[PDB]
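Undergrad: Sending over a structure as structure tokens; questions will come in a sec.
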Protein chains: 2
Amino acid sequence: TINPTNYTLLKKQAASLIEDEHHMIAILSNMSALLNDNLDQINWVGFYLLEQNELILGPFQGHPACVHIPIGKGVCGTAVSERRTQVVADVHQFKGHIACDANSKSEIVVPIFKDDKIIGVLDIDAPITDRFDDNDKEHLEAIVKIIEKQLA
Amino acid sequence: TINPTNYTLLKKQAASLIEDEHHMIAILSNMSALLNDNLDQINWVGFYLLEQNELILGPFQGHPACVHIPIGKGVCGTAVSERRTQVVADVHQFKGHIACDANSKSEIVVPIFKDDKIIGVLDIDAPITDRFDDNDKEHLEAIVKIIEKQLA
């Protein structure tokens, strides 16, 4: 089982963490650590930023990952081409899935906006299937908005 | 107490990891993970970039950290002011120590160069004292130069 996540506390800590900060890289770096520290049963949490119609690896907590991700390619690429959050209960079910990371079994990708344009994504995967449900989706999207407010 | 570091292999792994890449944030993000996965007895490992006459937090592996570090302030800021690598056996004995981390006991900071100008620093601290010796210093500076080769 997955231990309950205290999102109310996490969201408050997120606001306080990046309050008065507007440097995107510094914000993304600290947020990856904050999420890593408060989410149970995850194995990789980080960000990808859009550059030249492709995602480029940004700050994250975990093992080294692939740097370039084409739009429409994989969970992250699809989150980008669709402009919508991707909640994957089992990565083996996602067509074009690109993540041979042995311990990557379920994932969630939330697009990040600024002036209605996608500027990157928050990517979190886990060592177990069905790690993220609709409840995690709601709160992680809300946390992304806390981040969006600082980059506005 | 400290597992020997296989620096010979690590330097091969560093070159292979960022081979054919030049994107600084992607390189720093992946290198923070590589070092975190191959160095024993450490509690934080990451980078700060020199922007607007101050160091600004960049990609790292660990808990959230302070975003802005004035030049000449703290081990990291002094690495910039003195323009030399700082190897601290006990941060508590460092002039005006700037850290609220209960598990930051020993530290090493290596300045990063591009066209002979400091553009950032590699910062690694450990939960024990005298964690970094001359051997570590030599090999970490060589690893930093491997990074500089891709940023050049």
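Letters for chains follow the order of the structure tokens (A, B, ...), residue numbers begin at 1 for each chain, and ligand numbers begin at 1 in the order shown.
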Using only C-alpha atoms and a distance of at most 10 Å, pull out the residues of chain A that contact chain B, as a ChimeraX atom specification.
TA: /A:17-18,21,23-37,46,48-49,56-68
Undergrad: Can you tell me which residues surround residue 89 of chain A at a distance of at most 10 Å, considering only C-alpha atoms, apart from same-chain residues fewer than 4 positions away, and format the answer as a PDB file with C-alpha atoms, in the first residue's frame?
TA:
```pdb
ATOM      1  CA  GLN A  93       0.333   0.139 -21.200  1.00  0.00           C
ATOM      2  CA  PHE A  94       1.446   3.528 -22.535  1.00  0.00           C
ATOM      3  CA  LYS A 105       6.141   1.207 -13.065  1.00  0.00           C
ATOM      4  CA  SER A 106       3.617   4.074 -12.853  1.00  0.00           C
ATOM      5  CA  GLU A 107       3.947   7.780 -13.659  1.00  0.00           C
ATOM      6  CA  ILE A 108       2.236  11.161 -13.667  1.00  0.00           C
ATOM      7  CA  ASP A 125       7.333   8.014 -11.525  1.00  0.00           C
ATOM      8  CA  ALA A 126       7.097   5.233  -8.981  1.00  0.00           C
ATOM      9  CA  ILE A 128       4.872   0.352  -8.065  1.00  0.00           C
ATOM     10  CA  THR A 129       1.861   0.395 -10.373  1.00  0.00           C
ATOM     11  CA  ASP A 130      -1.168   2.650  -9.843  1.00  0.00           C
ATOM     12  CA  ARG A 131       0.839   4.910  -7.553  1.00  0.00           C
ATOM     13  CA  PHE A 132      -1.089   8.042  -8.546  1.00  0.00           C
ATOM     14  CA  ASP A 133      -4.868   8.368  -8.422  1.00  0.00           C
TER      15      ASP A 133
END
```
Undergrad: Provide the atom CA of residue 55 of chain B to atom CA of residue 41 of chain B distance in Å, to one decimal place.
TA: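 Rounded to one decimal, the two atoms are 25.3 Å apart.
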